[PDB]
Amino acid sequence: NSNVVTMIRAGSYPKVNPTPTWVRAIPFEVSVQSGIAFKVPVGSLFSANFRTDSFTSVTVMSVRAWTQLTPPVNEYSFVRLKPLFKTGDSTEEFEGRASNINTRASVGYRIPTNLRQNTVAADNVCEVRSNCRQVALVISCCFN
Amino acid sequence: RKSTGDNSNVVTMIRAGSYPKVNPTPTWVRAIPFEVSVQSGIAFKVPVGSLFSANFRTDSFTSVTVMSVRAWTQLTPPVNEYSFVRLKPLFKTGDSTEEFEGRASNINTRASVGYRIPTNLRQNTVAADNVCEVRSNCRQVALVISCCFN
Amino acid sequence: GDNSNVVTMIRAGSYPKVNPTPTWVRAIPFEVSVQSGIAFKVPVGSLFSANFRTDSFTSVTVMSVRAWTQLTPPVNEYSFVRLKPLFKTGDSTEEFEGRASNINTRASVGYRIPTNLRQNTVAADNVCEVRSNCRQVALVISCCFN
Amino acid sequence: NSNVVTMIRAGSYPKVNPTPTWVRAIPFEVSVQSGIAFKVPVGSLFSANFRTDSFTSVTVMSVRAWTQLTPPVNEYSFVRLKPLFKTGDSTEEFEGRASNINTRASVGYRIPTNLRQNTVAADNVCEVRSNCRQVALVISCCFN
Amino acid sequence: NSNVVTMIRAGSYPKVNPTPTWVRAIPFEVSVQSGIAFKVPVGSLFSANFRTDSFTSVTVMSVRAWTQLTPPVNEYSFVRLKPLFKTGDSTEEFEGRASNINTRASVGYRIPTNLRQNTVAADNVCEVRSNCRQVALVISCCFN
Amino acid sequence: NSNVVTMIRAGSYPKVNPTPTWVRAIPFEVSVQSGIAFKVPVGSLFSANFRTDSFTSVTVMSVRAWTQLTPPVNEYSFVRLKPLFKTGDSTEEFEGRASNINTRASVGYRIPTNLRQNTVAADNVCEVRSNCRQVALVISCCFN
Amino acid sequence: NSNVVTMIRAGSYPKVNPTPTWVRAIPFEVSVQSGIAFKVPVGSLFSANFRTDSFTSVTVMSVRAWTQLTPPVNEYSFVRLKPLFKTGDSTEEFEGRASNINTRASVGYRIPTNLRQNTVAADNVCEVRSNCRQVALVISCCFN
RNA sequence: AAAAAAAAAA
RNA sequence: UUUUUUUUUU
RNA sequence: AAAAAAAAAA
RNA sequence: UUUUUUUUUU
RNA sequence: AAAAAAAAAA
RNA sequence: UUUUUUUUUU
RNA sequence: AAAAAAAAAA
RNA sequence: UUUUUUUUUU
RNA sequence: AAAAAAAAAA
RNA sequence: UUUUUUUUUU
RNA sequence: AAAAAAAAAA
RNA sequence: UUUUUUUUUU
RNA sequence: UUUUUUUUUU
RNA sequence: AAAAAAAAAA
Ligand SMILES: [Cl-]
Ligand SMILES: [Cl-]
Ligand SMILES: [Mg+2]
Ligand SMILES: [Mg+2]
Ligand SMILES: [Mg+2]
Ligand SMILES: [Mg+2]
Ligand SMILES: [Mg+2]
């Protein structure tokens, strides 16, 4: 391959876009109380910590969750996810459980194409329930 | 694919496994468009700092690997003249003396030119570094720089 | 293999992913009472009921609507039925219509909702507007409860 | 594909059923005591918690069981299942044991076609024995 | 081919629809001020000038823009489009520039299927910016 | 498929037309008297009820007709169509009859290409004859 | 194809015939009385209502008949056809009956080639019988 | 799809 | 032998 | 390259 | 059916 | 895609 | 004979 | 990848 | 017979 | 291995 | 249509 | 050249 | 599955 | 030689 | 997938 700078025969000025979209997998943690559902805010996805503070909307494609702290004594870890939608919240409770007390529980859900619209900071993605005090989420989304 | 394919109309369960490897602050390949002011008979040094800005969604980055530079005259040339733009590549390990140049063949049309950086000179640059020197008979140049933010 | 006559052991492994409250794709039949040449808005709430085993849902994604006249038409007339899709992001002005060709037979028509318009609806929402010369309309709605 | 609503050339009124059958995998837990067999009530399968409170009968196809809490000190988890049937109870004790003390024991059994009749709330599916105080069941069944 | 009227052996009364949908490419102009973004209202699409005043909703599919008047002295035309959505506005700025001062600048964006819902008069399609006092838009859409 | 907006690299301003043509199947009804031929006016085709009030001319391609009310006592329904043209009315009487007293009679005719010119509201498309007091018509035509 | 008038290189004067034959299906109705046969007169086929008043002879090929009014109370419609010939009348009574009281009864008969000679107005085609007060006939014939 | 009648073409 | 109109058979 | 209008040839 | 002229489409 | 000039390889 | 740099032709 | 239950299509 | 949802088997 | 987003090449 | 970056499915 | 909407035909 | 009208992609 | 039940090997 | 023990079939 070339070892030196070489000329580019550029033509006319192209179409440009200084603020393009970005497909991402955003990892973050939330605190969870015993017996209480936590509503995961969309605003958690906008932050300089993820290079995403210039975005104000996002299209979530899928949500995966893992317990992030150990479960109570004698128990195996569990985590549940209830998808929320601005046009109407769901009542599914997708749940994963651990089969070794020392291992994380995990589960996820995919959003169908027909339900992939934008959400903003004040929106909530889903409810989390767990017997562990923290849950780690990895959200696959399209910032725009 | 996607020929009548698509998927379901409802949320479905993912049988997730172990916690994956993750990175909250990944890299990003980009083409950044910005303009610079240039003066008659004077070479302007293009600062790398122009590439870090919220106007590009890149203010969380402190380094970038530049891969190629293209330039266009952004304002009209002087009376009776055709536009021209020249690019001289600059490197922290030793500046070049190439003067890549394009000129317009219609006075009403932009001049344009570019250069590609070879793999062996694709290291990082920071805000204090410069990308290239620009010369032109037009008072502004429009640059589109293809680069890897990291 | 098959044709075992007795219980047999399953070599179960790790606890699987589970969900006590899953989705359900359904064709729901219900009727609405209608007046003469008067549009009636069909409520989405008619889809949630113990009579359909769906009272545990609060949302549903409608995929298509079909409608039949349920009582006889006025004297000298053939039955007809009209459907005008309604949407929260913007109502339609289409009026899909069927008419009977025998005075003793039901009129029928339906419409399909495109993938890009298949979002959720709740009980307070309305599915469509119905218009008929008969006093009842029998609807069958294909939908995904979730 | 189409981006607008399209006509459906409906025909005669079809056959309908407002209350159809449902093939399900129902997850629920049962309490178990030391040295004592617990009879799992079929009524545990009818509940708004599973969207099944409008069913009063169910045809069980197979039963799988996992220990749901840690076992006593120095022991590995075990769980046994003895099928019950209204026409005659079995004496099999299908059993699984853990090989790591931190992991669940698991076993299941399949009901043959000739024994897949209906059960009601007052009936029992099986007996569960375990050294763990709780057992998690996932029962494959056809509600009707 | 036939030179006279011929008989049609009609059958039963078909399905009918007096107010059908309509896929269109609507052209209209908007005024733009220096350094100010103009919100393109969706209501502009329901006009007797387009045969569309019987519609109250539309599904937008793609937007294209051209500058419609000459740029300021010494400048080449430019135009920018920022898509707007009721579920969450975008921050993209798709931009084109003229490479000949005497020629229009042009650009567009396509709306993905998952974001192709309906819009009504009070909604806005996008934000337009340009150094020219007028921008010419052609909007591909489905009236319904 | 793509889940977010994408740039379109638009070119020169296209050829446009804000008021295009429209091929349509228009359903409407006319009253008919015993023993009297009813001239169907073309103006019936231009209406807000059809989204066609912006049109002043139309090219009719075919006409199909259905009896719309029940026939006289002891009679089977019939309907006849006589095509009319500005250059010369025809004398054909395309006719259909019901074979069940409770069923609609139907018939239609097709207009040859050499006779497919424009008609305006003052023109008449055909004469309708029937023993029922209303006839349902579906006219295939090209609005321009 | 050509859009202008074009020259025809005609030759010698051709054979001509200002009054040609015509193959036709003629539809008309006759009144029928209970228990009485009605002889269908051939003269009904020559009429300006059929464009055939310039003919005096016709070769009938086949006769189809349909009851034209409702039957008496409690009965299903029926119609019978007995062929009549100048060289010798037949004694066949071809018959159709309705299987639904609201539907027409129908039947026909074909005339063999060896019996396809001419008939004049004073001739009769066939006898019609029915429990309905009117019968609708469609006669396939060759006017000459 | 074939045939008969009128017409046109070859 | 193809097509157009009327008819018929399929 | 085909088609239409005029012409020429076959 | 080939060419020439006018037109049209590609 | 080939060729010529410098270089490198074979 | 292949590649890199400059050039040229296509 | 096949099957069973619900739906849709053919 | 294909797809979607639930289940199951592999 | 294919697809989606940004980029580059063709 | 290939490659690079992010993502996803396998 | 395929697809989507309206129409027509099969 | 072919064509016509609007649209889109190429 | 196929299948069902228990076992075993793979 | 084969084999061994019981059963059933051929
Ligand atoms: Cl749980
Ligand atoms: Cl803007
Ligand atoms: Mg844990
Ligand atoms: Mg230079
Ligand atoms: Mg009715
Ligand atoms: Mg345990
Ligand atoms: Mg310009």
# chains A, B, ... in the order shown; residues from 1 in each chain; ligands from 1
$ residues_around --residues "residue 9 (chain K)" --least-positions-apart "6" --cutoff "12 Å" --atoms "only C-alpha atoms (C1' of nucleotides)" --output "PyMOL selection string"
chain J and resi 1-4
$ write_last_selection --atoms "N, CA and C atoms (P, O5', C5', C4', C3', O3' and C1' of nucleotides)" --output "PDB file, in the first residue's frame"
ATOM      1  P     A J   1     -29.356   0.100 -36.304  1.00  0.00           P
ATOM      2  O5'   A J   1     -30.738  -0.287 -35.613  1.00  0.00           O
ATOM      3  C5'   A J   1     -30.943  -1.585 -35.074  1.00  0.00           C
ATOM      4  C4'   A J   1     -32.189  -1.646 -34.227  1.00  0.00           C
ATOM      5  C3'   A J   1     -33.486  -1.253 -34.916  1.00  0.00           C
ATOM      6  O3'   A J   1     -34.029  -2.292 -35.711  1.00  0.00           O
ATOM      7  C1'   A J   1     -33.359  -0.184 -32.815  1.00  0.00           C
ATOM      8  P     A J   2     -34.943  -1.942 -36.986  1.00  0.00           P
ATOM      9  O5'   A J   2     -36.383  -1.671 -36.360  1.00  0.00           O
ATOM     10  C5'   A J   2     -37.061  -2.686 -35.635  1.00  0.00           C
ATOM     11  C4'   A J   2     -38.158  -2.116 -34.773  1.00  0.00           C
ATOM     12  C3'   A J   2     -39.233  -1.320 -35.494  1.00  0.00           C
ATOM     13  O3'   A J   2     -40.207  -2.136 -36.121  1.00  0.00           O
ATOM     14  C1'   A J   2     -38.526  -0.128 -33.585  1.00  0.00           C
ATOM     15  P     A J   3     -40.885  -1.659 -37.497  1.00  0.00           P
ATOM     16  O5'   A J   3     -41.955  -0.571 -37.039  1.00  0.00           O
ATOM     17  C5'   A J   3     -43.019  -0.919 -36.166  1.00  0.00           C
ATOM     18  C4'   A J   3     -43.662   0.300 -35.552  1.00  0.00           C
ATOM     19  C3'   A J   3     -44.252   1.314 -36.519  1.00  0.00           C
ATOM     20  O3'   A J   3     -45.528   0.935 -37.006  1.00  0.00           O
ATOM     21  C1'   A J   3     -42.982   2.438 -34.872  1.00  0.00           C
ATOM     22  P     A J   4     -45.947   1.266 -38.522  1.00  0.00           P
ATOM     23  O5'   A J   4     -46.389   2.799 -38.472  1.00  0.00           O
ATOM     24  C5'   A J   4     -47.564   3.205 -37.778  1.00  0.00           C
ATOM     25  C4'   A J   4     -47.681   4.709 -37.706  1.00  0.00           C
ATOM     26  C3'   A J   4     -47.635   5.457 -39.031  1.00  0.00           C
ATOM     27  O3'   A J   4     -48.874   5.443 -39.721  1.00  0.00           O
ATOM     28  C1'   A J   4     -46.203   6.516 -37.476  1.00  0.00           C
TER      29        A J   4
END
$ residues_around --residues "residue 10 (chain R)" --least-positions-apart "5" --cutoff "12 Å" --atoms "only C-alpha atoms (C1' of nucleotides)" --output "VMD selection string"
chain S and resid 1 to 3
$ residues_near_ligand --ligand "ligand 1" --cutoff "10 Å" --atoms "only C-alpha atoms (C1' of nucleotides) and all ligand atoms" --output "PyMOL selection string"
(chain A and resi 76-80+95-97+129-131) or (chain C and resi 18-20) or (chain D and resi 27-29+68+136)
$ residues_around --residues "region 38-47 of chain G" --least-positions-apart "6" --cutoff "6 Å" --atoms "only C-alpha atoms (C1' of nucleotides)" --output "PDB file with N, CA and C atoms, in the first residue's frame"
ATOM      1  N   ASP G  53     -87.559  -5.552 -37.851  1.00  0.00           N
ATOM      2  CA  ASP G  53     -88.812  -5.368 -38.564  1.00  0.00           C
ATOM      3  C   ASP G  53     -88.621  -5.383 -40.072  1.00  0.00           C
ATOM      4  N   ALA G 121     -94.211 -14.999 -39.475  1.00  0.00           N
ATOM      5  CA  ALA G 121     -94.944 -14.452 -38.331  1.00  0.00           C
ATOM      6  C   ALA G 121     -96.124 -15.330 -37.908  1.00  0.00           C
ATOM      7  N   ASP G 123     -96.390 -18.411 -37.965  1.00  0.00           N
ATOM      8  CA  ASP G 123     -95.979 -19.674 -37.380  1.00  0.00           C
ATOM      9  C   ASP G 123     -95.822 -19.545 -35.867  1.00  0.00           C
ATOM     10  N   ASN G 124     -95.821 -20.689 -35.200  1.00  0.00           N
ATOM     11  CA  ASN G 124     -95.587 -20.770 -33.768  1.00  0.00           C
ATOM     12  C   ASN G 124     -94.334 -21.585 -33.508  1.00  0.00           C
ATOM     13  N   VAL G 125     -93.577 -21.158 -32.500  1.00  0.00           N
ATOM     14  CA  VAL G 125     -92.296 -21.773 -32.167  1.00  0.00           C
ATOM     15  C   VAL G 125     -92.482 -22.971 -31.246  1.00  0.00           C
ATOM     16  N   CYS G 126     -93.295 -22.817 -30.208  1.00  0.00           N
ATOM     17  CA  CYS G 126     -93.392 -23.827 -29.163  1.00  0.00           C
ATOM     18  C   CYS G 126     -94.574 -23.474 -28.274  1.00  0.00           C
ATOM     19  N   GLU G 127     -94.973 -24.425 -27.440  1.00  0.00           N
ATOM     20  CA  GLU G 127     -95.939 -24.162 -26.386  1.00  0.00           C
ATOM     21  C   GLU G 127     -95.217 -23.988 -25.055  1.00  0.00           C
ATOM     22  N   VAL G 128     -95.675 -23.018 -24.268  1.00  0.00           N
ATOM     23  CA  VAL G 128     -95.111 -22.680 -22.963  1.00  0.00           C
ATOM     24  C   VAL G 128     -96.164 -22.994 -21.908  1.00  0.00           C
TER      25      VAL G 128
END
